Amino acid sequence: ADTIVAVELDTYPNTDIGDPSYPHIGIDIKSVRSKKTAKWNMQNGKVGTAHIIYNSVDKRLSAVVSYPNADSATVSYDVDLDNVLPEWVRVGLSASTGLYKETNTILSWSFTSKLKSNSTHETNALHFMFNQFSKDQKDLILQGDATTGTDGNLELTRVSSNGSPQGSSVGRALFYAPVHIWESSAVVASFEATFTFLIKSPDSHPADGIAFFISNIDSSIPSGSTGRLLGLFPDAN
């Protein structure tokens, strides 16, 4: 029952729900079964960066993920987000673990949305940038097991005292202000997001992944969305 558009960094291959047989980046439109994927050579324990871009003229949601000293991965999907999402949304980060586990640490997150109207003074914009996260980060809405401030970072899923990731965990952080992504006088609407993340696991098979997502403003974690559902979807439809 929420509406979800997401870019997933999916670390575990669930081949019965359509994943390819390797870690991958994907574009999810109202379903965990990605509309488009690309292979991702995820590196356990290294800091990675993902970038997400869209605009209402081209109507193409694109993402790129990379690590220093490595080649990038990229995915794009043609989708008119004015037909999928409401006029006002919230934007956020989500991650989960299941039987298999990893840390889902966010070290920085930035976002910019712009609406240009046909007026003389055309520009409307929202921008935020976090390069550290406090214990009490009042402009984020934390859901589930998400916490901020441990080492100045945002830990989307549970990590024990000694730094070990926990299984069967799910958490999200959403920016506190609603974001206006369509307006009747806008001639161009666009957005960009970037986040840096550290996925580490003591295991040879980490799971489940991190996603950037855009949702209805009152979105909440679906019941039972640990593991393969990434904190985003109530089922694998």
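Sequential numbering from 1, following the sequence displayed.
Looking at 185-193 and 207-215 together, the entry lists the larger mean B-factor for 185-193, computed on C-alpha atoms. If you average the C-alpha B-factors over 118-126 and over 140-148, the higher value belongs to 118-126. Ranking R172, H180, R60, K200 by the C-alpha B-factor listed in the PDB entry places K200 at the top. Among the modelled residues of its chain, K36 has a C-alpha B-factor that falls in the highest third according to the deposited record. Among the modelled residues of its chain, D16 has a C-alpha B-factor that falls in the highest third according to the deposited record. Sort the modelled residues of the chain by CA B factor and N55 lands in the lowest third. In this PDB entry, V84 carries a Cα temperature factor that places it within the highest third of its chain's modelled residues. For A236, the recorded CA temperature factor ranks within the highest third of the chain's modelled residues.
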